[PDB]
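Every number in this text was worked out from the coordinates using simple rules, so none of it is lab data. All Cβ positions, even for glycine, are placed from backbone atoms using ideal geometry, and neighbour counts span all protein chains on display.
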Amino acid sequence: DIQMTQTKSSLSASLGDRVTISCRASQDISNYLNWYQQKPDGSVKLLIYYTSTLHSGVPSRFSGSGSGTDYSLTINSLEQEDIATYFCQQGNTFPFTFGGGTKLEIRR
Amino acid sequence: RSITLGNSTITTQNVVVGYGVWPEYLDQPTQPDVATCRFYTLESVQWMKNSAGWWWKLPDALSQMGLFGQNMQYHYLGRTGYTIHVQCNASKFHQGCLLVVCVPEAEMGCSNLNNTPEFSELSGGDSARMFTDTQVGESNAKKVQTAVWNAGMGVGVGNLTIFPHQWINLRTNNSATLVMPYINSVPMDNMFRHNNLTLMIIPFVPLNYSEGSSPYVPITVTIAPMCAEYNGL
Amino acid sequence: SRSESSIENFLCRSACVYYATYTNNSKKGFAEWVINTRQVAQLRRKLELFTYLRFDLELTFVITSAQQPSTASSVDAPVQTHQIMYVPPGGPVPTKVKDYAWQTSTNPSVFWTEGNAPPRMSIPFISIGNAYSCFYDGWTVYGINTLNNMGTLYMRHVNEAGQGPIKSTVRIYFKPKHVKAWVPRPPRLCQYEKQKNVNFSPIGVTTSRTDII
Amino acid sequence: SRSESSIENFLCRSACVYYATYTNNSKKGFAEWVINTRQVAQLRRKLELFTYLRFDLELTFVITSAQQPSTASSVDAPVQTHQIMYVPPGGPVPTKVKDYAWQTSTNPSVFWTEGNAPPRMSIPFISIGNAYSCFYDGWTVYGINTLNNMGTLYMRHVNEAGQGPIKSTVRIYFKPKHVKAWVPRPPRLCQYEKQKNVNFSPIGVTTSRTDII
Amino acid sequence: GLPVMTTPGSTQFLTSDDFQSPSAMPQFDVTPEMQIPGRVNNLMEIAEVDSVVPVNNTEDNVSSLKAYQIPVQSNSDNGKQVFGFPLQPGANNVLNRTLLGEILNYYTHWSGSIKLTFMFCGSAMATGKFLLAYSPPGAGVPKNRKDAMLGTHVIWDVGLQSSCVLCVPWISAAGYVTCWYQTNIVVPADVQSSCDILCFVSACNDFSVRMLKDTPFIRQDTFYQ
Amino acid sequence: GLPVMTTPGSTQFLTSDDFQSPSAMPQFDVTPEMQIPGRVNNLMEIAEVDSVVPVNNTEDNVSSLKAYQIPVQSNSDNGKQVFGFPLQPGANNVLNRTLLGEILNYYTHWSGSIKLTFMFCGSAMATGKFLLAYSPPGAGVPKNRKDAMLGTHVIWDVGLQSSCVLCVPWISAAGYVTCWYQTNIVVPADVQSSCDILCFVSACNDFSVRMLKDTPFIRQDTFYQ
Amino acid sequence: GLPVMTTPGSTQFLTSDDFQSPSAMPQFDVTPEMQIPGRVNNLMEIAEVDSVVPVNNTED
Amino acid sequence: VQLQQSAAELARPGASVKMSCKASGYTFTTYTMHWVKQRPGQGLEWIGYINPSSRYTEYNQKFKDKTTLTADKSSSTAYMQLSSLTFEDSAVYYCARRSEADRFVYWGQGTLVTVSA
Amino acid sequence: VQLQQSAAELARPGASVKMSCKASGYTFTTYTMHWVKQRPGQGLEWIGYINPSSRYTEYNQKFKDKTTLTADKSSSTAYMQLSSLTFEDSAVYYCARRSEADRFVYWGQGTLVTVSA
């Protein structure tokens, strides 16, 4: 098993700023990472199906990067509908291991 | 009947030849012919009732077979054709059906979707690897996916008759004979990092017999390299 | 009506094989595509009915732009010019938008201003061997075959801009020419999973019914 | 495969040899390039395998613009037009952007509006001697050889603009044609230091190993 | 110079044109050709080879080698249907995923003839008889052995020949290839009675395929990587 | 006038095209040609001339004329290796910076034969023998004088001839050109015993170079001025 | 290359012109012709046949 | 093109439940169907999948002795039965459809399973 | 592509130190490596260089009798040893790589040498 660790588990940012969520694995998973977004009503959808490749139907405010063990997700223009929970999931070895949540909220 | 090659002799009684061409000859390469042109007879596999299939990677099965396996180590490059004789000996009280294909560049798939299968799982040295009638799970890391209805390559097993093949029906037929030329994109290739042929034997209709008959039917494969030449000084 | 099933009328078509975006001021923005045929699932299934292929190549790029939100004060920009560099197999590779590998002489580039016909370019059959190989039963890592290597493409702006951010997209169109095919192969039944290898998950042979009769 | 090593297939390529910027309202802004082959290090090493060369010349200019930050109030500019003047060896030379040397008759200029094909122009073999000379063992200052002189290029805007500052870049592409080469020469081992002369710092012959066996 | 005049449709990109194009790499001296065996000049040469038809789907034999085998046993009924499959094109039938039907799903219009080869994969001591009825397009499927004989049919004697060829047109009700027990399987002692039958399909004459399209059997949701 | 239609790829600048171009200076009457000796028609004529190979790098002879000299002395061992260098292409070897290897670094694919000339630069009164073994690609380097004799070899007698030519293919393990003491150097009185050996390299037949690229040995950080 | 010069009226769309046009679907192998009875080559052949004249209109 | 699960359940400890996930808009016997469990205090957790063509199931090591995944071709559903229900089995269970060997493109809305007395 | 020096040192007057500058990202035995001393009250000052291929050093006239520049091919470093340390030798020492005969393109971060008791 590969432990996907998101050490923040809570982010606070206002509207229109740049947020960065980090997900660190246990060993090298070799650019096989996916980012999901869980809306507060319970609906889950796929955002970035690689280290940096956007899914079709996703706005261009999302972007990802990273290599080796460390990875990241970047939203440069926070909107109201971007308040959700974000997970990282590796697809390298068996079984599939998901990361912990990361909840967003407004600063003040 | 009673064909001899070098210091070996087998006995036979139709022949399907490749893609319609015969194996022929081409720094300067040397041509050995007293060294390789003989019938290398592999050991027999037993066709039981709950059997699934077998496969041989072709310039790997003769890698320890005497003097053909010595020229693979000494010389770097080389090209060769083959002549395969498959024959199973059953009585008139058994029943079944085999398909004997010869697949060029049969790249196979792993059981885990992210890896590639290891070297000892694709080909054993002059020993038959066998298909299965079930799936291999994804928990196994480096193992060949051997579901026989997909033939290990992700393709339909009924469509395998596009290759040079021959049916062995125990009601009317007893043997098969295949003559394969050299099929590659380069004129000469290394014989350790490329297996450009694969001989599969798949039972479509399984073996059946009544009580008292022998519960196995042995299948004997005989390979002879034809028109081989290596590149060296 | 027997001639639409020939190899020339079956494979020589056009297909969108890549689609990427890049902007000018992000200092990370440029595109990159390693030329292969294993990305889309409808061109891969047609080229994998044969084992050895041999074709010329013809690429056409459709480049559009879009104005990103700038600050204020009357953004007025001239026409934009793009550079599409082609790196042969065994050539230098850029890592930044400003690099020495863009200005090299053996990497043939095209330069194209907006508002004209799209920039077609053509690549001959480059290989050491005598044909491409869709399948490789052997090691180089299993089944890679480093001999069929067609190169890499890189795209960027050549205009420096400060008053307004501009991002651009590109769609690459793929068309084989003078196709020759050898050693046919049965059509793939299971769905494609990865790009490099032939890994799959086992599926049924055909769709089922309720009775034999 | 013996014909890619001919002199025509070795030297007749394209290469970016210069890159300069100039704006319109700085009253110091215009470009200048004295035509030589000793500026970049990959074209200099290829032309210095031979002592005497003789080739025609073909130049292509890639000109882009960029809007500088103006004050306010709706900058709207028409298309821009550039002048690329070529001064032969022994001709008048401009010192300002407004000068009498731009309007002279024996300096052939091209005029090009933006949004079209780039302005190619071609220069024949101009010399008093019978070949160019990459090496000169003698005095004119040591090793200059004033006989291989190809001229100078000058670039400027011809549009006067007040509402918005506009700066422009230019990349000059260099391509010899009908090349003839005499008296081969060993390839240069040390790195290049200066442009005019053959000065160097001494370096080892090759990369070293730990034993002879 | 010369006066020209540009027509409409000049600076456009039509994806199905055929124009000359400037080569990115001239002066390369490409690798000359080599005689590789088995060159394909037309895709109809892939359709004319035989392939086994999965007549025995039955909801749990599709993931096995049991789909290709038609069961034949010695029953107690006087006249009974062995198998039967329509020749309706593409509608989830048995000739869909075969080596012929994977080509005809790349094209929109096609018409020609079909070879249907059967093979008795039983013992050499078993003897029986089968009807091989064919219903034309428009006529109904026979519900009895007798009115299947009154159509067009071929009586297949197993003890004499072990393979029966049945040529038939197939054009894009469309037909039936039903088969019936004529006599039971007579078998000696110490020989098994339950036998199997394989079935093949091919292209008899040359077809006429037209209006190429994409296949419905392959799709992707995100670029393979 | 005439109706034309512009194809895609019309107003572009491809850097590797070949079109006509308007001359900036017509009516100039350029200088006619002159017979200069030594015209080069092909770059392979630069590769076919000989050049000395620095076999004796050894981390402090590279900045001297001692790199080209292979030391030979009269030792007390019975069979001993003089030198040895692989024929691996480009990987920091001794044939890299020579007059041949500076051309093969401009191209990507090349294959042909190689002349290897040796020369005994010793006294006229010294006599000895050397083996010149060659290992093919795939075979290992010999670790002894005896199994170097069992391969392909040339026995070089110094007292008879003072130069030995050894033709060998070289294609882009790849070989070894190891050399061994057969006998010691027998020398008279008042003659020095420590001699040297030079080594040359050339191109035997015509090569086949293809896919031109740039050399890895030259780079610049800011325009020379 | 060749020096050309575009005349006025070049990049226009006149609705009554007759120029060549790029085919969207080449390589199709269209259906060959068939002898159908009663081909019309000119619209005057429709006018030369007889027809009854309503001389008795009279509003109802 | 969507997946549809059942409603919420409720069961005593020691009893058993059965969920479902009805697939529509695509050919059901082509892609595998996976099951993900999300406790409200932790992240997501993988359970196992089922190949709807050959009815081959493969479970995680922690969920092997409790869950059981079945399917049927007619109604195009995929069931899941939890046996020997305990107090830590109270979570939200999703059904997902895997394509391209790592990506979960389409998800369900999830069923809430609660245990009490 | 960068140069990396050692950490800060400390020495008594009369003792000796040895700094280093590890080069990476390029072929070490091609370009010369120079050394620049910057006292905090004045500007930069040139010391000397070393040719790493032939181990040829050339010093400034003011720094000839104190400094000594060595190198090695294996670890790709270039040392510098200061002998007979005095009180005015307290400065920051940089390592630079000269290309095109006057330009110093790549520099190090510098080591701080202090003398005290």
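Worth pointing out:
- Whole-Å semi-axes of region B:135-182's equivalent ellipsoid (Cα gyration tensor): 29, 14, 11
- Translational diffusion of region D:1-96, estimated by Stokes-Einstein from the Kirkwood radius over alpha carbon pairs at 20 °C in a medium of 1.002 mPa s, is 121 µm² per second.
- Placing a pseudo-label 7 Å from each Cα along the Cα-to-Cβ vector at D:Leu147 and D:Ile128 gives an inter-label distance of 0.9 nm.
- Close amide H partners of F:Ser202, meaning residues 5 or more places away or on another chain with modelled amide H under 5 Å apart, are F:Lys115.
- Estimated FRET transfer efficiency (A:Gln27, I:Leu112; beta-carbon r; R0 35 Å; 0.05): 0.35
- Rounded to whole Hz, the Karplus (6.51, -1.76, 1.60) HN-Hα couplings of region F:217-225, x for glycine and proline: 9, 9, 8, 9, 9, 5, 3, 4, 8
- Label separation (B:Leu26 vs D:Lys96): 7.6 nm, computed from points 7 Å beyond Cα along the C-beta direction.
- Computed on region H:2-115, with alpha-carbon pairs under 8 angstrom and 6+ residues apart, the relative contact order is 36 percent.
- For region B:57-142, the Rg and Dmax computed from alpha carbons only, in angstrom: 17.0, 50
- Where only DSSP H runs of four or more residues are counted, the protein assembly as shown gives -1000 deg cm²/dmol as its mean residue ellipticity at 222 nm, each run worth -39500 (n - 2.57).
- H:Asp72 versus F:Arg39: modelled label distance in nm, points set 7 Å from Cα along the beta carbon direction: 9.1
- The C-alpha atoms of the protein assembly as shown occupy a region whose extents along the principal axes are 125, 119, 90 Å, arranged from largest to smallest.
- Among the trypsin sites (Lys or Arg not before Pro) found in region B:45-141, those both in a DSSP coil and sparsely packed, with 16 or fewer other Cβ atoms within 10 Å of their Cβ, are B:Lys49, B:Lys92.
- Using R0 = 22 Å, the C-beta based FRET efficiency linking A:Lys103 and A:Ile2 works out to 0.40.
- Packing-based exposure ordering (other Cβ within 10 Å, fewest first) of C:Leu43, H:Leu112, C:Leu49: H:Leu112, C:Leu43, C:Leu49
- As an equivalent ellipsoid, chain I spans semi-axes of 23, 14, 14 angstrom, where each value is the square root of five times an eigenvalue of the C-alpha gyration tensor, largest first.
- Positive-end ranking of I:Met80, I:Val105, I:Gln42 along the dipole of region I:2-115, with charges on Cβ about the Cα centre, is headed by I:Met80.
- Dipole-positive endmost among F:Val30, F:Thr117, F:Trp156 within region F:1-224 (Cβ charges, Cα centre): F:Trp156
- Expressed as a fraction of 2.2 N^0.38 Å, the value expected for a compact globular protein of N residues, the C-alpha radius of gyration of region F:34-150 is 1.32.
- Where chain C is carried onto chain D by rotation, the Cβ closest to that axis, with its residue and distance in Å, is C:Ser74, 4.
- For I:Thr30, inter-copy separations between label points set 7 Å beyond Cα along the Cβ vector come to 5.3 nm, shortest first.
- In a reduced charge model with +1 at each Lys and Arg Cβ and -1 at each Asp and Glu Cβ, chain C shows a dipole moment near 340 debye about its Cα centre.
- Rounded D (µm²/s) - region C:60-130, Kirkwood Rh over Cα pairs, Stokes-Einstein at 20 °C, 1.002 mPa s: 140
- Across region A:29-108, the volume of the C-alpha convex hull divided among the residues equals 108 Å³ per residue.
- For H:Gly108, the amide hydrogen comes within under 5 Å of the amide hydrogens of H:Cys95, counting only partners 5 or more places away or on other chains and with H modelled in the peptide plane.
- The alpha-carbon atoms of chain D define a convex hull whose volume equals 214 cubic angstrom per residue.
- The mean sequence separation of alpha-carbon pairs under 8 Å and at least six residues apart, normalised by the residue count of chain A, gives a relative contact order of 39 percent.
- 7 Å along Cα→Cβ, label-point gaps from H:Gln61 to other copies, nm, shortest first: 7.7
- Distances in nm from H:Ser74 to the matching label points in the other copies, shortest first (labels 7 Å along Cα to Cβ): 7.9
- Rounded FRET efficiency, nearest 0.05, which uses the C-beta distance separating E:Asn92 from E:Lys143 and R0 of 30 Å: 0.85
- Percentage, to the nearest whole number, of Cα pairs in chain E over 25 Å apart: 57
- Here the convex hull built on the C-alpha positions of chain B has a volume of 138 cubic angstrom per residue.
- Residues C:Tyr52, C:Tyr154, C:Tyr19, E:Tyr134 arranged by fewest to most Cβ contacts within 10 Å: C:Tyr19, E:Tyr134, C:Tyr154, C:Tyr52
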